[PDB]
Amino acid sequence: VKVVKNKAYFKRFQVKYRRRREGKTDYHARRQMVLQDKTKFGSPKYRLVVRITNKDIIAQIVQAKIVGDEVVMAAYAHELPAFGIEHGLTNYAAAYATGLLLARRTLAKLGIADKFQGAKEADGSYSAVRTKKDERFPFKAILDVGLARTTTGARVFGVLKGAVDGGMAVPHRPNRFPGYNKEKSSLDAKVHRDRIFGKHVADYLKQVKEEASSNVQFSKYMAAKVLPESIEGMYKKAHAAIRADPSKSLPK
Amino acid sequence: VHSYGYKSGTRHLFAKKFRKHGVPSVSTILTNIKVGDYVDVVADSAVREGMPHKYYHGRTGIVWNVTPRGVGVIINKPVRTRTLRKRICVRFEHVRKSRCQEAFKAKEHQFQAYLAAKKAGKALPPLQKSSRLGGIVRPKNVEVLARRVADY
Amino acid sequence: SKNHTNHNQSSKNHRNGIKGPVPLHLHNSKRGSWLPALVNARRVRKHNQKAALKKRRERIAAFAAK
Amino acid sequence: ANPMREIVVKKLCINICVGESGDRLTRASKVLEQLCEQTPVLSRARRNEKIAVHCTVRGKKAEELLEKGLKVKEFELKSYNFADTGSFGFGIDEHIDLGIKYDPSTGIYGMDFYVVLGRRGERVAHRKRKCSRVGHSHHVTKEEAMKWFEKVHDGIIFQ
RNA sequence: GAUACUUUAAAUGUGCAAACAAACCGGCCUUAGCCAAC
RNA sequence: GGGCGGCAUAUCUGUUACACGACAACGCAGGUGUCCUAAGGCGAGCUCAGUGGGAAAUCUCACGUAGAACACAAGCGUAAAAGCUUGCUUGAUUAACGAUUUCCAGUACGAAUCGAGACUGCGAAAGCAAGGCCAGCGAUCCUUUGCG
RNA sequence: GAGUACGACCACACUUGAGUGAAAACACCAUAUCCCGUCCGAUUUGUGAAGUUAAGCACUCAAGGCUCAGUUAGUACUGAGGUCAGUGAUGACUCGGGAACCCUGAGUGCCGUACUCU
Ligand SMILES: [Mg+2]
Ligand SMILES: [Mg+2]
């Protein structure tokens, strides 16, 4: 049995890109995302990058440059305690809140905060975004999800809806939202609203308490004595808190 | 005589360098090309859309037209007793910005800086001297240059 | 019967010289260019012609005054 | 040592290489379903004809079926059965012998059992994002598979 | 390889430029062009 | 020499060919007049050829820079793909006489490149697609069909 | 002095074998009523936070590779010249240009935007 990785194997070997070897970036998709019309002589174009870790969610607005990407503005789901959310980070409701927080900070920085108020009312409805590609036009960015799989109900789309309701232009169809039915080809705003406000979390929490009454899941809720029938209200209050103080961050 | 196609005899011309395969990069994508710029036309063998004919593979010209994904370039070509100006259309993967005028632009910039300093009254740098003048040479080592028995 | 050679051809081509290319600023037509930019440039040129006519009239009036 | 190195049964695989496309293969497909409670999957040769049936059971069901097969095997196999990279297997010749009530519509089949063993943390080589290779200290040696064979469903290597 | 195909790589070549319809520095006019906007 | 034979008579790849381009011989080694409603278009998932250790061709683990595949000759090119499996589709339609390359007299034909408009396909989106990259084809007059 | 997210150049960054890892983070890890997907909650999708640096990762340390110099060497080859020498193959000379493998010496990533910890 001759060895494979012999002397002649290394001389003819070409290494892949650094981030391809680390398995972080899909360069084929990145090229199509950063590409722009050459007749638009380098006018600004923006990505909404969403990355979900094990214990946090990350969302930033990025413009690409030769020297390296620059971040216009970033928001993290881990600072939502400063607005009134705890014990329930990295879920669909926190995704919605993260998106809305990012949009509010971005419009506030770019100075168009009063215009494009977004949707002060919360609903899992669909409304096609207004774009020149089709009155002052709304600030626009395209969604970047990375290597994540784009299945119906995934949290990347909840993050997206957060910004859309915050008042951003992100082109999209409502085909990957939780309430969508593929065979009938329609969306259920009631179901989407339920997932936005976190009814399923409350149902699971009630079930686990009722079952564990006899003789590790949801341990922090059970320990801190969080009660059902308040989760929707807590999220609804957090939304107003953000729209009042978009920058109130974690202390010190 | 027997076979003369569009890509005939391009075995070594349209090939990638050793251990340098792959596809264009974001630096190529993010490059801005305007009408009136000098560019080099170099065929990228991994794209295969909008590739120029092999005659234009090493030439330099002027951009006359920009489209959403293409560039139009003017390139001189001698035919019999005259030089024609041919207009070729390519994808943006197959061009590069030319550095054929760097020295001239640098000369103009240095002239402007010199004019600014002369008007300001600042002291000018000391001008370089010639290397072909005479002088006294103080040697450190002297040797004997010779052809010896051991040499052969 | 079918001979081919290039023997005297360069000598023939250099008697009246290889002529240089036409300068870039002559024969600089835009036909076949990307359409939207062309359409905008035409409107700008029409406005410029109107301005040139007005400027000539003003110059003539000023000279008549003095 | 560290609790993270506890050897666990990753999965169990059941195979029937019938090699025939007729009704016997389909009856084997029925008995596999009635045995494992999960739908089996067919396998075609490299052609265009199905010639094998197999599964992949994971969990307490896998542990239970492994114990059941080891009962027939009398907890004794051969050392060469163990393989480098940590795994082993065997076969059963009379399917009803595994407590399956005989049905005349089918007959008897020569089932094959295979097992996979490893620690926890091997996800880093089947992940989609940042897929990498496990270190060698974390791997499982053939001697270690043999040693785990004892004191957990103890049996005789009978080398 | 077989038992000349090739990483490396000349000499001789070959394309472009080297301030007077060109290019450099600051106002201003116009566009039913790009950009969230200018 | 001519006859016999053959096609070097349209046409592609590697060589001949001499590091831009061009360059001949009944020079050398090979191809073409077809085939495909998918073997065309797009999105997603996956990794191939092969080697080693196991289990009464198939099942399993590790390695595997492409050593396989891409209708057919050859050369280039390609690895979260341009290969394989799969879902939906008909951009293989129409396209105001736009411009261009190859041959080249800077004529045509065949093939190809960059576009503007309509109507669409696939996709969450940016995008991609007016056949299968590059060989696979044809004047006047006459016949015949569509259109106003 | 570190970490994470997005990155430009794409081996001085790769392959193999070991040791160390403050706090933060990243990650293994627990689970399957709901959205969603499989023969299989393996992969993927949702909801979590008991445990762990064992692995991934980062740093450091020894070999194949890779990168930059030196030698090989004014050698091989080559533009120009002769009523040059030789039967010829070829060779030297005159005015110019000038390598490669092998061998050997050194090192083993670097530069941006945003937010965090000691
Ligand atoms: Mg179109
Ligand atoms: Mg007729």
Side-chain angles (χ1 to χ4, degrees), chain A residues 1 4-5 7 10 13-15 17-18 26 32-33 40 43-44 49 51 53-54 58 60 62 66-71 74 91 112 136-140 142-143 149-154 157 171-173 175-176 178 200 203-204 207 216-220, chain B residues 3 5-7 11 14-15 18 27 45-46 48 50 53 55 58-60 67 70 79 87-89 100-101 103-104 108, chain C residues 4 6 25 31-32 34-37 40 43-44 47, chain D residues 2 4-5 13 15 17 38-41 43 45 52 54-58 83-85 87 89 91 93 110 112 114 121 123-124 126 132 134-135 138:
Chain A
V1 177
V4 189
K5 313 193 220 133
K7 169 114 57 170
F10 298 127
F13 188 89
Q14 182 186 350
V15 304
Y17 283 0
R18 185 167 201 80
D26 188 356
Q32 300 318 294
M33 233 172 290
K40 310 202 193 86
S43 65
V49 173
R51 302 285 182 264
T53 58
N54 275 4
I58 315 175
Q60 33 210 6
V62 179
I66 297 188
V67 73
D69 289 11
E70 58 143 287
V71 175
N91 50 349
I112 63 201
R136 187 160 168 176
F137 280 96
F139 175 85
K140 196 194 42 177
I142 52 163
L143 187 78
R149 190 163 298 190
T150 52
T151 53
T152 304
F157 309 125
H172 68 279
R173 268 193 299 152
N175 285 180
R176 286 316 185 185
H200 58 300
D203 297 305
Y204 200 28
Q207 261 205 53
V216 68
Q217 183 86 241
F218 281 155
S219 146
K220 307 294 192 189
Chain B
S3 165
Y6 202 82
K7 310 235 225 156
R11 176 157 178 185
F14 293 158
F18 182 68
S27 325
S45 27
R48 293 158 151 208
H53 189 252
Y55 176 81
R59 323 282 179 189
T60 302
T67 40
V79 169
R87 279 146 204 255
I88 70 169
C89 319
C100 64
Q101 278 194 317
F104 184 57
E108 325 209 74
Chain C
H4 153 73
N6 215 50
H25 71 261
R31 165 101 157 251
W34 192 58
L35 196 43
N40 192 64
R43 282 143 200 202
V44 176
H47 279 81
Chain D
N2 190 284
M4 275 330 254
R5 278 175 82 120
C13 290
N15 174 83
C17 172
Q38 82 195 213
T39 286
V41 58
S43 157
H54 80 260
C55 296
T56 288
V57 169
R58 296 194 183 78
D84 58 49
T85 81
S87 58
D93 309 10
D112 271 5
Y114 204 77
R123 168 163 207 266
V124 311
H126 312 300
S132 172
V134 208
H138 204 71

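The chains referred to below are lettered A, B, ... by the order of the sequence lines, with proteins before strands, and numbering in each begins at 1.
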Of the candidates F:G14, E:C35, G:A11, the side chain of A:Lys40 sits closest to E:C35

More 5' along RNA chain G: A:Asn91 or A:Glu70, using each one's nearest nucleotide?
-> A:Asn91

Is there a Watson-Crick or G-U wobble pair linking F:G33 and F:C4, both distances under 3.5 Å?
-> no

Taking the side chain of B:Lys7 as its heavy atoms from C-beta onward, which of G:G7, G:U31, F:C133 lies nearest to it?
-> F:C133

Please indicate the pucker of G:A49, north or south, going by the torsion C1'-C2'-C3'-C4'.
-> south

Base, sugar-phosphate, or nothing: which does B:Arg59 touch, judged by heavy atoms less than 4.0 Å apart?
-> base

Touch check for A:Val67, heavy atoms < 4.0 angstrom, all strands: base, sugar-phosphate only, or nothing?
-> base

G-U wobble or Watson-Crick pair formed by F:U90 and F:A125 (both under 3.5 Å) | no

Side chain of D:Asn2 - closest among G:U33, F:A116, G:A54 | G:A54

Report yes or no: is G:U83 base-paired to G:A18 (Watson-Crick or G-U wobble, both distances under 3.5 Å)?
-> no

Under a 3.5 Å limit on both key distances, is there a Watson-Crick or G-U wobble pair between G:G51 and G:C28?
-> yes

Nearest to the side chain of B:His53 - F:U102, F:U65, G:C6?
-> F:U102

G:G81 and G:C93 base-paired, Watson-Crick or G-U, both contacts under 3.5 Å | yes

In whole angstroms, how far is the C1' atom of G:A11 from the CZ atom of B:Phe18?
-> 13 Å

For the pair made of NE2 in D:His126 and P in G:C29, what is the distance, rounded to whole Å?
-> 11 Å

Report yes or no: is G:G105 base-paired to G:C61 (Watson-Crick or G-U wobble, both distances under 3.5 Å)?
-> no

Hey, does A:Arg173 reach any base, or is it just sugar-phosphate, or nothing, if we go heavy atoms under 4.0 Å?
-> base

Watson-Crick or G-U wobble between G:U104 and G:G96, both distances under 3.5 Å?
-> no

Under 3.5 Å for both distances: G:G88 and G:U75 as a Watson-Crick or G-U pair | no

May I ask you to say whether G:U83 and G:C84 are base-stacked, judged by six-membered ring centres under 5.5 Å apart and ring planes under 30 degrees?
-> no

What is the glycosidic conformation of E:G27: syn, defined as within 90° of 0, or anti?
-> syn

Across the strands shown, which category fits A:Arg18 at heavy-atom distances under 4.0 angstrom: base, sugar-phosphate, nothing?
-> base

In whole angstrom, give the distance that lies between atom CH2 of C:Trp34 and atom P of F:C114.
-> 16 Å

Is there a Watson-Crick or G-U wobble pair linking F:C48 and F:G67, both distances under 3.5 Å?
-> yes

Nearest-nucleotide 5' precedence on RNA chain G, A:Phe13 against D:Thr56 = A:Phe13

Do the side-chain N or O atoms of A:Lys220 get closer than 4.0 angstrom to the phosphate oxygens (OP1, OP2) of G:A50?
-> yes

Return the nearest nucleotide to the side chain of B:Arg11; candidates are E:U6, G:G48, F:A99.
-> E:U6

Does B:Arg48 get its side chain close enough to the base of F:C76, under 3.5 Å, for a donor-acceptor pair?
-> yes

Base pair F:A139/F:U100 (Watson-Crick or G-U, both distances under 3.5 Å) = no

Any stacking for adjacent F:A39 and F:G40 under the 5.5 Å centre, 30° plane criterion?
-> no

